[PDB]
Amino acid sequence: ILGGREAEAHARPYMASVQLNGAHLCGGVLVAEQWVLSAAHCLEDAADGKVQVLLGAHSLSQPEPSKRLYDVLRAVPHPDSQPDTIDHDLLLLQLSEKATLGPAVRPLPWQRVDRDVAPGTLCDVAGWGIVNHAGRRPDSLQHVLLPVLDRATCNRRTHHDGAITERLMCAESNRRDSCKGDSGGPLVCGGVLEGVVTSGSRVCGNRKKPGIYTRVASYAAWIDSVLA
């Protein structure tokens, strides 16, 4: 996260760290007792090792009573996702067992009504991704409030010329943005999961190139089918 600040410890109990061989790889969101939602392209590389999910954490390195590392039973990428595109960039991870719930570990309700968030609304994004252009990685969870961009504006020639479909949403990126290592994490508006940070190499903090998030409401049918 660029231009943000350290998050209140354990104030976002749904936050997950998707790890590859003990190292943080991508963010994730707990959406059910045994299911974590992340981005598909995170698995593209996760394939080289053992994938685990860390729940109830604030610090990636210090012991915390709420911290729990869970193994993964199965990984279910969206069937239409492709390596060369940012469409359908969702992934569902089934934990080896139901997560022990508590004040520091709790699933987050997700958006089912397929309606765009009003332009200007401030949504919260959190992650353990890089905090500056040098590539510095934080030990503790960071977060930043970002205002949502109207659908039309993101598609400008000087921005994401038509790259934004109805299943994608954008948020302002002026000096504050989600960045490398934050992909797969949550974009929460009004206490509900609205988006997931899309994977894909892109500049962070550049106002001409807004951040892109995958709208979960567009995939309500796919999520429902996988969790069934």
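In this text, the rigid core denotes the largest set of C-alpha atoms whose superposition between the two forms falls within 1.5 Å. The numbering used is simple: start at 1 and walk along the sequence shown.
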Exercise for the section: Could you say which moves further from this form in 6 other deposited structures of this protein, stretch 63-71 or stretch 199-207, by root mean square CA distance after aligning on the core? Expected result: 199-207
Exercise for the section: Any chance you could tell me whether 95-103 or 147-155 drifts more in 6 other deposited structures of this protein, judged by RMS CA distance from this form after superposing on the core? Expected result: 147-155
Handout entry: residue 45 coordinate gap across at least a third of other entries
Key = yes
Exercise for the section: Taking the mean of the C-alpha B-factors per stretch from the entry, tell me the winner out of 155-163 and 191-199. Expected result: 155-163
Exercise for the section: Tell me which of 166-174 and 40-48 has the higher mean C-alpha B-factor in the deposited entry. Expected result: 40-48
Exercise for the section: From the list 209, 10, 24, 215, select the residue with the highest C-alpha B factor recorded in the entry. Expected result: 209
Handout entry: Of the residues 139, 150, 80, 71, the one carrying the largest Cα B-factor as recorded
Key = 150
Fill in the blank from the handout: Entry-reported C-alpha B-factor of residue 108 relative to its chain, by third, is middle
Completion exercise
By the entry's values, the third containing the CA B factor of residue 84 is the highest
Problem - residue 2 by Cα B-factor - lowest, middle or highest third of the modelled chain - result: middle
Handout entry: residue 223 CA temperature factor, ranked by third within the chain
Key = lowest
Practice task
Place residue 99 in the lowest, middle or highest third of its chain's C-alpha B-factors, as listed in the PDB entry.
Solution key: highest
